$ cat model31.csv   # CSV, N, CA, C and O atoms
chain,number,residue,atom,x,y,z
A,1,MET,N,-31.6,14.3,-19.7
A,1,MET,CA,-30.7,13.3,-20.2
A,1,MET,C,-29.8,12.9,-19.0
A,1,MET,O,-29.2,13.8,-18.3
A,2,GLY,N,-29.6,11.6,-18.9
A,2,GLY,CA,-28.7,11.0,-17.8
A,2,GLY,C,-29.5,10.6,-16.6
A,2,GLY,O,-29.6,11.3,-15.6
A,3,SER,N,-30.0,9.3,-16.7
A,3,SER,CA,-30.8,8.7,-15.6
A,3,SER,C,-30.9,7.2,-15.9
A,3,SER,O,-31.0,6.8,-17.1
A,4,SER,N,-30.9,6.4,-14.9
A,4,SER,CA,-31.0,4.9,-15.0
A,4,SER,C,-31.6,4.4,-13.6
A,4,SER,O,-30.9,3.6,-12.9
A,5,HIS,N,-32.8,4.9,-13.2
A,5,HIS,CA,-33.4,4.7,-11.9
A,5,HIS,C,-33.8,3.2,-11.8
A,5,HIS,O,-34.6,2.7,-12.6
A,6,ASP,N,-33.3,2.6,-10.7
A,6,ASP,CA,-33.7,1.2,-10.3
A,6,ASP,C,-33.6,1.1,-8.8
A,6,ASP,O,-32.5,1.2,-8.2
A,7,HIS,N,-34.7,0.9,-8.1
A,7,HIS,CA,-34.8,0.8,-6.6
A,7,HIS,C,-35.2,-0.6,-6.2
A,7,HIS,O,-36.0,-0.8,-5.2
A,8,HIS,N,-34.6,-1.6,-6.9
A,8,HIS,CA,-34.9,-3.0,-6.6
A,8,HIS,C,-34.5,-3.4,-5.1
A,8,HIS,O,-33.4,-3.1,-4.7
A,9,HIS,N,-35.4,-4.0,-4.4
A,9,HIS,CA,-35.2,-4.4,-3.0
A,9,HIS,C,-35.0,-6.0,-3.1
A,9,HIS,O,-35.8,-6.7,-3.7
A,10,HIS,N,-34.0,-6.5,-2.3
A,10,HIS,CA,-33.7,-7.9,-2.2
A,10,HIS,C,-34.9,-8.6,-1.5
A,10,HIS,O,-35.2,-9.8,-1.8
A,11,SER,N,-35.4,-7.9,-0.5
A,11,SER,CA,-36.5,-8.4,0.4
A,11,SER,C,-35.9,-9.4,1.4
A,11,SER,O,-35.3,-10.4,1.0
A,12,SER,N,-36.1,-9.2,2.7
A,12,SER,CA,-35.7,-10.0,3.8
A,12,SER,C,-36.7,-10.0,5.0
A,12,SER,O,-36.3,-10.1,6.2
A,13,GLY,N,-38.0,-9.8,4.7
A,13,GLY,CA,-39.0,-9.7,5.6
A,13,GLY,C,-39.2,-11.0,6.5
A,13,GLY,O,-39.7,-12.0,6.1
A,14,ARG,N,-38.6,-10.9,7.7
A,14,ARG,CA,-38.6,-12.0,8.7
A,14,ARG,C,-39.0,-11.5,10.1
A,14,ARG,O,-38.6,-10.3,10.5
A,15,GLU,N,-39.8,-12.2,10.8
A,15,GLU,CA,-40.3,-11.8,12.1
A,15,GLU,C,-40.8,-13.1,12.9
A,15,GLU,O,-41.9,-13.6,12.7
A,16,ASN,N,-39.9,-13.5,13.8
A,16,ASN,CA,-40.2,-14.7,14.7
A,16,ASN,C,-39.1,-14.7,15.9
A,16,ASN,O,-38.0,-15.1,15.6
A,17,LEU,N,-39.5,-14.2,17.0
A,17,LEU,CA,-38.6,-14.0,18.2
A,17,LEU,C,-39.0,-14.9,19.4
A,17,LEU,O,-40.1,-14.7,19.9
A,18,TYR,N,-38.1,-15.8,19.7
A,18,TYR,CA,-38.3,-16.7,20.9
A,18,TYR,C,-37.1,-16.6,21.8
A,18,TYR,O,-36.0,-16.2,21.4
A,19,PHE,N,-37.3,-17.0,23.1
A,19,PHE,CA,-36.3,-17.1,24.1
A,19,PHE,C,-35.8,-18.5,24.4
A,19,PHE,O,-35.2,-18.8,25.4
A,20,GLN,N,-36.1,-19.4,23.3
A,20,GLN,CA,-35.8,-20.8,23.4
A,20,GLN,C,-34.3,-21.1,23.3
A,20,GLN,O,-33.7,-21.1,22.2
A,21,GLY,N,-33.6,-21.1,24.5
A,21,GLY,CA,-32.2,-21.4,24.6
A,21,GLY,C,-31.8,-22.1,26.0
A,21,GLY,O,-30.7,-22.0,26.4
A,22,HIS,N,-32.9,-22.6,26.6
A,22,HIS,CA,-32.7,-23.3,27.9
A,22,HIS,C,-32.9,-24.8,27.7
A,22,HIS,O,-33.9,-25.3,27.1
A,23,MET,N,-32.0,-25.6,28.2
A,23,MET,CA,-31.9,-27.1,28.0
A,23,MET,C,-31.9,-27.5,26.5
A,23,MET,O,-32.9,-27.8,25.9
A,24,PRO,N,-30.6,-27.4,25.8
A,24,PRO,CA,-30.5,-27.9,24.4
A,24,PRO,C,-30.4,-29.4,24.4
A,24,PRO,O,-29.4,-30.0,24.4
A,25,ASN,N,-31.7,-30.0,24.4
A,25,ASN,CA,-31.9,-31.5,24.5
A,25,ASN,C,-31.2,-32.2,23.3
A,25,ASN,O,-30.5,-33.2,23.4
A,26,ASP,N,-31.4,-31.6,22.1
A,26,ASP,CA,-30.8,-32.0,20.8
A,26,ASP,C,-29.4,-31.2,20.7
A,26,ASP,O,-29.4,-30.1,20.3
A,27,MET,N,-28.3,-31.9,21.1
A,27,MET,CA,-27.0,-31.4,20.8
A,27,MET,C,-26.8,-31.2,19.3
A,27,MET,O,-26.1,-30.3,18.9
A,28,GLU,N,-27.3,-32.2,18.5
A,28,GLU,CA,-27.2,-32.2,17.1
A,28,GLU,C,-27.9,-30.9,16.5
A,28,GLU,O,-27.3,-30.3,15.5
A,29,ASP,N,-29.0,-30.5,17.0
A,29,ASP,CA,-29.7,-29.2,16.6
A,29,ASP,C,-28.8,-28.0,16.9
A,29,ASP,O,-28.7,-27.1,16.1
A,30,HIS,N,-28.2,-28.0,18.1
A,30,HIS,CA,-27.4,-26.8,18.6
A,30,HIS,C,-26.0,-26.8,17.8
A,30,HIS,O,-25.5,-25.7,17.5
A,31,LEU,N,-25.5,-27.9,17.4
A,31,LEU,CA,-24.3,-28.0,16.6
A,31,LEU,C,-24.6,-27.6,15.1
A,31,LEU,O,-23.8,-27.0,14.4
A,32,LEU,N,-25.8,-28.0,14.7
A,32,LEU,CA,-26.3,-27.7,13.3
A,32,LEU,C,-26.6,-26.1,13.2
A,32,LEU,O,-26.4,-25.6,12.2
A,33,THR,N,-26.9,-25.5,14.4
A,33,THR,CA,-27.1,-24.1,14.5
A,33,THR,C,-25.8,-23.4,14.5
A,33,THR,O,-25.7,-22.3,13.9
A,34,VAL,N,-24.7,-24.0,15.1
A,34,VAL,CA,-23.3,-23.5,15.1
A,34,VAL,C,-22.9,-23.4,13.6
A,34,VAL,O,-22.3,-22.4,13.2
A,35,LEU,N,-23.2,-24.4,12.8
A,35,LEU,CA,-22.9,-24.5,11.4
A,35,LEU,C,-23.7,-23.5,10.6
A,35,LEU,O,-23.3,-22.9,9.7
A,36,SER,N,-25.0,-23.4,11.0
A,36,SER,CA,-26.0,-22.5,10.3
A,36,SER,C,-25.6,-21.0,10.4
A,36,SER,O,-26.0,-20.2,9.6
A,37,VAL,N,-24.9,-20.7,11.5
A,37,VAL,CA,-24.5,-19.3,11.8
A,37,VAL,C,-23.1,-19.1,11.1
A,37,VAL,O,-22.9,-18.0,10.5
A,38,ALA,N,-22.2,-20.1,11.2
A,38,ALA,CA,-20.8,-20.0,10.7
A,38,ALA,C,-20.8,-20.0,9.1
A,38,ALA,O,-20.1,-19.2,8.5
A,39,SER,N,-21.7,-20.8,8.6
A,39,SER,CA,-21.9,-20.9,7.1
A,39,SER,C,-22.8,-19.8,6.6
A,39,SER,O,-22.7,-19.4,5.5
A,40,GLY,N,-23.8,-19.4,7.5
A,40,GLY,CA,-24.8,-18.4,7.2
A,40,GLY,C,-26.0,-18.9,6.5
A,40,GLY,O,-27.0,-18.2,6.4
A,41,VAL,N,-26.0,-20.2,6.1
A,41,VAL,CA,-27.1,-20.9,5.4
A,41,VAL,C,-28.0,-21.6,6.4
A,41,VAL,O,-27.5,-22.1,7.4
A,42,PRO,N,-29.4,-21.7,6.1
A,42,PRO,CA,-30.3,-22.4,7.0
A,42,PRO,C,-30.0,-23.9,7.3
A,42,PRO,O,-29.2,-24.5,6.6
A,43,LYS,N,-30.8,-24.4,8.2
A,43,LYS,CA,-30.7,-25.8,8.7
A,43,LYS,C,-30.8,-26.8,7.6
A,43,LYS,O,-30.2,-27.9,7.7
A,44,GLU,N,-31.7,-26.6,6.7
A,44,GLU,CA,-32.1,-27.5,5.6
A,44,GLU,C,-30.9,-27.7,4.6
A,44,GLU,O,-30.7,-28.7,4.0
A,45,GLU,N,-30.0,-26.6,4.5
A,45,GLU,CA,-28.9,-26.7,3.6
A,45,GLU,C,-27.7,-27.4,4.2
A,45,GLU,O,-26.6,-27.5,3.5
A,46,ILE,N,-27.8,-27.8,5.5
A,46,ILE,CA,-26.7,-28.5,6.2
A,46,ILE,C,-27.3,-29.9,6.8
A,46,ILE,O,-28.3,-29.8,7.4
A,47,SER,N,-26.5,-31.0,6.6
A,47,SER,CA,-26.9,-32.3,7.1
A,47,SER,C,-25.6,-32.9,7.7
A,47,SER,O,-24.5,-32.5,7.5
A,48,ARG,N,-25.8,-34.0,8.5
A,48,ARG,CA,-24.7,-34.9,9.0
A,48,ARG,C,-24.0,-35.5,7.8
A,48,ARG,O,-22.8,-35.4,7.6
A,49,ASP,N,-24.8,-36.3,7.0
A,49,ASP,CA,-24.3,-36.9,5.7
A,49,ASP,C,-24.1,-35.7,4.7
A,49,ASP,O,-25.0,-35.3,4.0
A,50,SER,N,-22.9,-35.2,4.7
A,50,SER,CA,-22.4,-34.1,3.9
A,50,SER,C,-20.9,-34.0,4.1
A,50,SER,O,-20.3,-34.4,5.1
A,51,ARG,N,-20.2,-33.5,3.1
A,51,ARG,CA,-18.8,-33.2,3.0
A,51,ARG,C,-18.5,-31.8,3.5
A,51,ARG,O,-19.4,-30.9,3.3
A,52,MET,N,-17.3,-31.5,4.1
A,52,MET,CA,-16.9,-30.2,4.5
A,52,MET,C,-16.5,-29.4,3.2
A,52,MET,O,-15.4,-29.5,2.7
A,53,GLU,N,-17.5,-28.6,2.8
A,53,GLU,CA,-17.3,-27.6,1.7
A,53,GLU,C,-17.3,-26.2,2.2
A,53,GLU,O,-16.4,-25.9,3.1
A,54,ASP,N,-18.2,-25.3,1.8
A,54,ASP,CA,-18.3,-23.9,2.4
A,54,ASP,C,-19.2,-24.0,3.7
A,54,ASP,O,-20.2,-23.3,3.8
A,55,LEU,N,-18.8,-24.8,4.6
A,55,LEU,CA,-19.5,-25.1,5.9
A,55,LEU,C,-18.6,-25.0,7.0
A,55,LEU,O,-18.9,-24.3,8.1
A,56,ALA,N,-17.4,-25.6,6.9
A,56,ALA,CA,-16.3,-25.6,7.9
A,56,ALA,C,-15.0,-26.0,7.4
A,56,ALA,O,-14.1,-26.5,8.1
A,57,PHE,N,-14.8,-25.8,6.0
A,57,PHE,CA,-13.5,-26.2,5.3
A,57,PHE,C,-12.9,-25.0,4.6
A,57,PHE,O,-13.1,-24.8,3.4
A,58,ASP,N,-12.3,-24.1,5.5
A,58,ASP,CA,-11.7,-22.8,5.1
A,58,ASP,C,-11.2,-22.2,6.4
A,58,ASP,O,-11.9,-22.1,7.3
A,59,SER,N,-9.9,-21.7,6.3
A,59,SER,CA,-9.2,-21.1,7.5
A,59,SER,C,-10.1,-20.1,8.3
A,59,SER,O,-10.1,-20.1,9.6
A,60,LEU,N,-10.8,-19.2,7.6
A,60,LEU,CA,-11.7,-18.2,8.2
A,60,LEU,C,-12.9,-18.9,8.9
A,60,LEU,O,-13.2,-18.6,10.0
A,61,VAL,N,-13.5,-19.8,8.1
A,61,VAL,CA,-14.8,-20.5,8.6
A,61,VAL,C,-14.4,-21.5,9.8
A,61,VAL,O,-15.3,-21.7,10.6
A,62,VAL,N,-13.2,-22.0,9.8
A,62,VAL,CA,-12.7,-22.8,10.9
A,62,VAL,C,-12.4,-22.0,12.2
A,62,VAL,O,-12.7,-22.5,13.3
A,63,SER,N,-11.9,-20.8,12.0
A,63,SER,CA,-11.7,-19.8,13.1
A,63,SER,C,-13.0,-19.3,13.7
A,63,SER,O,-13.2,-19.1,14.9
A,64,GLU,N,-14.0,-19.2,12.8
A,64,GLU,CA,-15.4,-18.8,13.2
A,64,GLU,C,-16.1,-20.0,13.9
A,64,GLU,O,-16.8,-19.7,14.9
A,65,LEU,N,-15.9,-21.2,13.4
A,65,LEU,CA,-16.5,-22.4,13.9
A,65,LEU,C,-16.0,-22.7,15.3
A,65,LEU,O,-16.8,-22.9,16.3
A,66,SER,N,-14.6,-22.5,15.5
A,66,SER,CA,-14.0,-22.7,16.8
A,66,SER,C,-14.5,-21.7,17.8
A,66,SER,O,-14.9,-22.0,18.9
A,67,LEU,N,-14.6,-20.4,17.3
A,67,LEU,CA,-15.1,-19.3,18.1
A,67,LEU,C,-16.5,-19.6,18.7
A,67,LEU,O,-16.8,-19.2,19.9
A,68,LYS,N,-17.4,-20.2,17.9
A,68,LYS,CA,-18.7,-20.7,18.4
A,68,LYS,C,-18.5,-21.8,19.4
A,68,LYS,O,-19.0,-21.6,20.5
A,69,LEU,N,-17.8,-22.8,19.1
A,69,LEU,CA,-17.6,-24.0,20.0
A,69,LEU,C,-17.1,-23.7,21.4
A,69,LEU,O,-17.5,-24.4,22.3
A,70,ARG,N,-16.3,-22.6,21.5
A,70,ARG,CA,-15.7,-22.2,22.8
A,70,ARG,C,-16.8,-21.8,23.8
A,70,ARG,O,-16.7,-22.0,25.0
A,71,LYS,N,-17.9,-21.2,23.2
A,71,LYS,CA,-19.0,-20.6,24.0
A,71,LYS,C,-20.2,-21.7,24.1
A,71,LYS,O,-20.7,-21.9,25.2
A,72,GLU,N,-20.5,-22.2,22.9
A,72,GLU,CA,-21.7,-23.1,22.8
A,72,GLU,C,-21.6,-24.4,23.5
A,72,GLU,O,-22.5,-24.9,24.1
A,73,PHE,N,-20.4,-25.0,23.3
A,73,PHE,CA,-20.1,-26.4,23.8
A,73,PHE,C,-18.9,-26.4,24.8
A,73,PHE,O,-18.6,-27.4,25.4
A,74,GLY,N,-18.2,-25.3,24.9
A,74,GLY,CA,-16.9,-25.2,25.7
A,74,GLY,C,-15.7,-25.8,25.0
A,74,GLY,O,-14.6,-25.8,25.6
A,75,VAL,N,-15.9,-26.3,23.8
A,75,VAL,CA,-14.9,-27.0,23.0
A,75,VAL,C,-13.9,-26.0,22.4
A,75,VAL,O,-14.1,-25.4,21.4
A,76,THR,N,-12.7,-25.8,23.1
A,76,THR,CA,-11.7,-24.8,22.8
A,76,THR,C,-10.3,-25.5,22.5
A,76,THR,O,-10.0,-26.5,23.0
A,77,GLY,N,-9.5,-24.8,21.6
A,77,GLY,CA,-8.1,-25.3,21.4
A,77,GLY,C,-8.1,-26.5,20.5
A,77,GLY,O,-7.0,-27.2,20.4
A,78,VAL,N,-9.2,-26.9,19.8
A,78,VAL,CA,-9.3,-28.1,19.0
A,78,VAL,C,-9.0,-27.9,17.5
A,78,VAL,O,-9.6,-28.5,16.6
A,79,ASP,N,-7.9,-27.1,17.3
A,79,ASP,CA,-7.4,-26.8,15.9
A,79,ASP,C,-7.1,-28.0,15.1
A,79,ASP,O,-7.6,-28.1,13.9
A,80,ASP,N,-6.5,-29.0,15.7
A,80,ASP,CA,-6.1,-30.3,15.0
A,80,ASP,C,-7.4,-31.1,14.7
A,80,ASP,O,-7.4,-31.7,13.6
A,81,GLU,N,-8.4,-31.1,15.6
A,81,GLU,CA,-9.7,-31.8,15.4
A,81,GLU,C,-10.5,-31.2,14.2
A,81,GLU,O,-11.1,-31.9,13.5
A,82,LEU,N,-10.4,-29.8,14.1
A,82,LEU,CA,-11.1,-29.1,13.1
A,82,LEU,C,-10.3,-29.2,11.7
A,82,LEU,O,-10.9,-29.1,10.6
A,83,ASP,N,-9.0,-29.5,11.8
A,83,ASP,CA,-8.1,-29.8,10.7
A,83,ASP,C,-8.4,-31.2,10.1
A,83,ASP,O,-8.2,-31.4,9.0
A,84,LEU,N,-8.9,-32.1,11.0
A,84,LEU,CA,-9.2,-33.5,10.7
A,84,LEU,C,-10.7,-33.7,10.3
A,84,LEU,O,-11.2,-34.8,10.2
A,85,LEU,N,-11.4,-32.6,10.0
A,85,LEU,CA,-12.8,-32.6,9.6
A,85,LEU,C,-12.9,-32.9,8.1
A,85,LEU,O,-12.3,-32.2,7.2
A,86,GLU,N,-13.7,-33.9,7.7
A,86,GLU,CA,-13.9,-34.4,6.3
A,86,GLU,C,-15.4,-34.4,6.0
A,86,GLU,O,-15.8,-33.9,5.0
A,87,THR,N,-16.1,-35.0,7.0
A,87,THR,CA,-17.6,-35.0,6.9
A,87,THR,C,-18.2,-34.3,8.1
A,87,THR,O,-17.6,-34.1,9.2
A,88,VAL,N,-19.4,-33.7,7.9
A,88,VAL,CA,-20.1,-33.0,8.9
A,88,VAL,C,-20.6,-33.9,10.1
A,88,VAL,O,-20.5,-33.5,11.3
A,89,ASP,N,-21.0,-35.2,9.7
A,89,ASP,CA,-21.4,-36.2,10.7
A,89,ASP,C,-20.2,-36.5,11.6
A,89,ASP,O,-20.4,-36.7,12.8
A,90,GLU,N,-19.0,-36.5,11.1
A,90,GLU,CA,-17.7,-36.7,11.8
A,90,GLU,C,-17.5,-35.6,12.9
A,90,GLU,O,-17.1,-35.9,14.0
A,91,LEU,N,-17.9,-34.3,12.5
A,91,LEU,CA,-17.9,-33.2,13.5
A,91,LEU,C,-18.9,-33.5,14.7
A,91,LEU,O,-18.5,-33.2,15.8
A,92,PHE,N,-20.1,-34.0,14.3
A,92,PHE,CA,-21.1,-34.4,15.3
A,92,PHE,C,-20.5,-35.4,16.3
A,92,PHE,O,-20.7,-35.3,17.5
A,93,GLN,N,-19.9,-36.5,15.7
A,93,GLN,CA,-19.3,-37.6,16.4
A,93,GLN,C,-18.0,-37.1,17.3
A,93,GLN,O,-17.7,-37.7,18.3
A,94,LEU,N,-17.3,-36.1,16.7
A,94,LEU,CA,-16.1,-35.6,17.3
A,94,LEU,C,-16.4,-34.9,18.6
A,94,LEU,O,-15.8,-35.2,19.6
A,95,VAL,N,-17.3,-33.9,18.6
A,95,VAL,CA,-17.7,-33.1,19.7
A,95,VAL,C,-18.4,-34.0,20.8
A,95,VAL,O,-18.3,-33.7,22.0
A,96,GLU,N,-19.1,-35.0,20.3
A,96,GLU,CA,-19.7,-36.1,21.1
A,96,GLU,C,-18.6,-36.8,22.0
A,96,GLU,O,-18.7,-36.8,23.2
A,97,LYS,N,-17.6,-37.3,21.3
A,97,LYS,CA,-16.5,-38.1,21.9
A,97,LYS,C,-15.6,-37.2,22.8
A,97,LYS,O,-15.0,-37.6,23.7
A,98,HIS,N,-15.6,-35.9,22.4
A,98,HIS,CA,-14.7,-34.8,23.1
A,98,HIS,C,-15.4,-34.4,24.4
A,98,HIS,O,-14.7,-34.0,25.3
A,99,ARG,N,-16.8,-34.4,24.4
A,99,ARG,CA,-17.6,-34.0,25.5
A,99,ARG,C,-17.5,-35.2,26.6
A,99,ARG,O,-17.4,-35.0,27.8
A,100,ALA,N,-17.6,-36.4,26.0
A,100,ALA,CA,-17.5,-37.7,26.8
A,100,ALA,C,-16.1,-37.8,27.4
A,100,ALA,O,-16.0,-38.2,28.6
A,101,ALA,N,-15.1,-37.5,26.6
A,101,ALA,CA,-13.7,-37.5,27.1
A,101,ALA,C,-13.2,-38.9,27.4
A,101,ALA,O,-13.9,-39.9,27.2
A,102,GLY,N,-12.0,-39.0,28.0
A,102,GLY,CA,-11.4,-40.2,28.5
A,102,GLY,C,-11.3,-40.2,30.1
A,102,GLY,O,-10.7,-41.1,30.6
A,103,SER,N,-12.0,-39.3,30.7
A,103,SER,CA,-12.0,-39.1,32.2
A,103,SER,C,-13.2,-39.9,32.7
A,103,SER,O,-13.0,-41.1,33.2
$ encode --input "model31.csv" --output "structure tokens"
Amino acid sequence: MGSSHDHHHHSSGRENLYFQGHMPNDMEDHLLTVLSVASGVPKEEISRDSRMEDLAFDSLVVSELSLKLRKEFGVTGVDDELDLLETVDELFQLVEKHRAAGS
């Protein structure tokens, strides 16, 4: 008497290892990957035409997003820019215009 055995596995069988990180031709792909790691959800679940929900619209997720951008694109100290995010496409256009600069 006294048992309720359940050994249910979620399953996360994944195996595909590449060294593909030289010459990020698609900035959009690399920025989408920044979002894919920050949000934790795959590339298909994030698009340019989308609103800032559980992607980059939360103080923790914005600090995580910034943390990525400092390394991935060198885009640092852009708190106001990340505060002005409404659409995901706007983030693509923002880092684009920020990389181009006024210099």
$ residues_around --input "model31.csv" --residues "residue 60 in chain A" --least-positions-apart "6" --cutoff "8 Å" --atoms "all atoms listed in the file" --output "PyMOL selection string"
chain A and resi 38+66-67
$ closest_residue --input "model31.csv" --among "A:55, A:45, A:16, A:92" --to "residue 28 in chain A" --atoms "all atoms listed in the file"
A:92
$ closest_residue --input "model31.csv" --among "A:7, A:48, A:30, A:43" --to "residue 73 in chain A" --atoms "all atoms listed in the file"
A:30
$ residues_around --input "model31.csv" --residues "residue 88 in chain A" --least-positions-apart "5" --cutoff "5 Å" --atoms "all atoms listed in the file" --output "VMD selection string"
chain A and resid 47 to 48 50 to 52
$ atom_distance --input "model31.csv" --atom1 "CA of residue 41 in chain A" --atom2 "CA of residue 54 in chain A"
9.8 Å
$ select_by_dssp --input "model31.csv" --residues "range 40-94 of chain A" --states "alpha helix (DSSP H)" --output "list in words"
residues 59, 60, 61, 62, 63, 64, 65, 66, 67, 68, 69, 70, 71, 72, 79, 80, 81, 82, 83, 88, 89, 90, 91, 92, 93 and 94 of chain A
